[PDB]
Each structure stands twice: as C-alpha cells, then as structure tokens.
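The structure under discussion appears below in the form of structure tokens.
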Amino acid sequence: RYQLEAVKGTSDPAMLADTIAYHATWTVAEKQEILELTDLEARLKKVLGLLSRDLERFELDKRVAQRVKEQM
Amino acid sequence: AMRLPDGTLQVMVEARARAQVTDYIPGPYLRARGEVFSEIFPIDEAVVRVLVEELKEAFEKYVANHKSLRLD
C-alpha cells in the first residue's frame with residue numbers, strides 16, 4: 001500500500017517507463033535486454049504486452065479454478 | 001545557420017520553388033545557375049478542391065495508424 005498514492009499524480013515519462021521495468025518480475029538477462037533499447041515507445045509497448053500477458057494468465061488460472069471446483 | 005566545433009552543421013532550410021539546372025562547373029565547390037523560375041498556377045479549382053478534400057481525409061485516416069513507427 002506504500003504505492004497506493006506514491007504512483008498516482010505522477011506523470012514523469014522516464015520514471016513511468018523504468019518503474020514497471022524494474023517492477024517487471026523476470027530475469028536479469030531480460031532486464032538487460034530491456035535496457036539495451038533506448039526507444040521509449042517500443043519499451044513501453046513491451047511493458048503493455050507484459051501487463052496483458054500477466055492479465056490473461058491470471059484469467060486462465062481463475063477460470064480453471066472455478067470450473068474445476070464446479071465439476072468436482 | 002549554427003556552427004559547432006565537432007564538425008556537425010546544424011542549418012535550417014526552407015524550399016521556395018522548383019527550378020531547372022543549366023550547367024555544372026568542376027569544383028569544389030559545385031555551382032549552378034537557373035534560367036527561369038518553374039511555377040504552376042491552379043486552373044479549374046473545383047477538381048483541385050475535391051482532390052484536396054480527398055487528400056485531407058486520407059491524411060486524417062493515415063496519421064492514426066503508425067503507433068510505434070515514430071509518427072506525430
């Protein structure tokens with residue numbers, strides 16, 4: 001909850017670019033690969049792609065849990 | 001025009017009109033001269049207005065496609 005208000009009201013572009021980049025739970029090699037490219041648009045597109053991937057994985061886990069409990 | 005000590009020249013130019021080329025002189029530096037100024041004036045502006053409207057609509061429909069191709 002320390003970031004409940006620490007992230008709202010902030011519009012710094014580089015900070016919002018690298019905040020999720022270091023918040024992205026992946027390997028050090030992937031972090032260095034992210035650091036390799038200096039184009040903001042591509043990196044943030046990758047960030048949104050990772051966010052969507054996490055969302056859909058969570059949806060899959062949810063739905064399987066519910067249905068399997070139901071059929072049980 | 002702006003001069004820098006690193007050898008890179010930062011100069012702003014604005015094209016005025018098209019013109020022909022008469023002759024070339026062995027340089028450096030190359031020099032050229034023009035005979036007359038090449039200009040064209042619109043005639044029967046109704047079709048030109050239709051084409052301009054189509055061009056504006058095409059540009060409006062095209063500017064909102066390159067999300068990550070560095071397009072303003």
Q.
Quick test for you: out of B:44, B:72, pick the one residue that is within 14 Å of another protein chain (Cβ to nearest Cβ) and out of contact with any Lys or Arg (no Cβ under 7 Å at 6 or more places or on another chain).
A. B:72
Q.
Of everything in region A:1-17, what is part of a helix (DSSP H, G or I), surrounded by fewer than 10 Cβ atoms within 10 Å (Cβ to Cβ) and hydrophobic (A, V, I, L, M, F, W, C)? Give them in sequence order.
A. A:14
Q) What about residue A:40, is it surrounded by 10 or more Cβ atoms within 10 Å (Cβ to Cβ) and under 10 Å from the mean Cα position of the chain (by Cα)? A) no
Q: Kindly check whether there is at least one residue in region A:44-61 that is over 25 Å from residue B:71 (Cβ atoms), part of a helix (DSSP H, G or I) and in contact (Cβ under 8 Å) with a residue 12 or more places away in the chain.
A: no
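Heads up, the Cβs are rebuilt from the backbone with ideal geometry, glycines too, and the neighbour counts pull from every protein chain shown. Values in this text are rule-based calculations from the coordinates and carry no lab data.
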